[PDB]
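Asker: So the sequence lines, in the order shown, correspond to chains C and B. If you're matching positions, the first sequence starts at 701 in the deposited numbering and goes up one per residue. According to the deposited numbering, the second sequence holds residues 502 to 519, 527 to 551 in order.
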Amino acid sequence: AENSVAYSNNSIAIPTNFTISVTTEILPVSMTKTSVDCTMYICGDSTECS
Amino acid sequence: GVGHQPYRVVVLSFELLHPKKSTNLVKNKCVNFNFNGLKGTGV
Ligand SMILES: *[C@@H]1O[C@H](CO)[C@@H](O[C@@H]2O[C@H](CO)[C@@H](O[C@@H]3O[C@H](CO[C@H]4O[C@H](CO)[C@@H](O)[C@H](O)[C@@H]4O)[C@@H](O)[C@H](O[C@H]4O[C@H](CO)[C@@H](O)[C@H](O)[C@@H]4O)[C@@H]3O)[C@H](O)[C@H]2NC(C)=O)[C@H](O)[C@H]1NC(C)=O
């Protein structure tokens, strides 16, 4: 939305009331831990491929 | 005699253009299996 602050060199704007806002912030920390095997993934139950 | 006796002879011609007998099924032991051309290794 277009706004225009009414600026002049003798006028100020002071709040007379307030509000208390509780906002939410979501942050990732860790991810899934995985582990791999060579022979079970690549060949798998194969002696000559191992 | 033997050389003059009639003999029943079967002549079997083979056309070389194209099987194995199935073995016992083994469970709970890791074997290399053939199943109708599907080859693998497992329990
Ligand atoms: C500074 O700002 C604060 C809050 O922003 C004001 O303080 C009080 O605010 C409350 C809430 O507005 C006033 O209480 C009553 O609000 C009712 C509306 O309730 C709805 O909205 C609130 C959230 O604002 C929801 O929680 C609620 O579930 C509803 O959805 C009005 O209907 C009430 O009006 C009734 O009472 C007045 C007398 O107070 C009668 O004159 C009316 O006819 C009607 O019967 C009421 O307004 C509470 O009144 C505010 N306090 C005061 C002292 O006014 C401050 O007023 C404000 N300014 C300053 C200078 O601090």
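We put the beta carbon where it would ideally sit given N, CA and C, even for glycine.
Using the three-state DSSP reduction, which class does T549(B) fall into: helix, strand or coil?
Answerer: Note: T549(B) maps to strand in three-state DSSP.
Asker: How about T549(B) and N536(B): are their beta carbons less than 7 Å apart?
Answerer: Cβ atoms of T549(B) and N536(B): not closer than 7 Å.
Asker: In whole angstroms, what is the alpha-carbon distance linking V511(B) and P527(B)?
Answerer: Using only the alpha carbons, I get a separation of about 23 Å.
Asker: Looking at the strands, I want to know which residues DSSP matches up with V512(B).
Answerer: Paired residues: none, contrary to the question.
Asker: Along the chain, where does the beta strand (DSSP E) that runs through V539(B) open and close?
Answerer: Segment 539-543, the beta strand (DSSP E) holding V539(B).
Asker: Would you kindly check if the distance between the Cβ of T739(C) and the Cβ of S730(C) is under 7 Å?
Answerer: No, they are not a contact pair.
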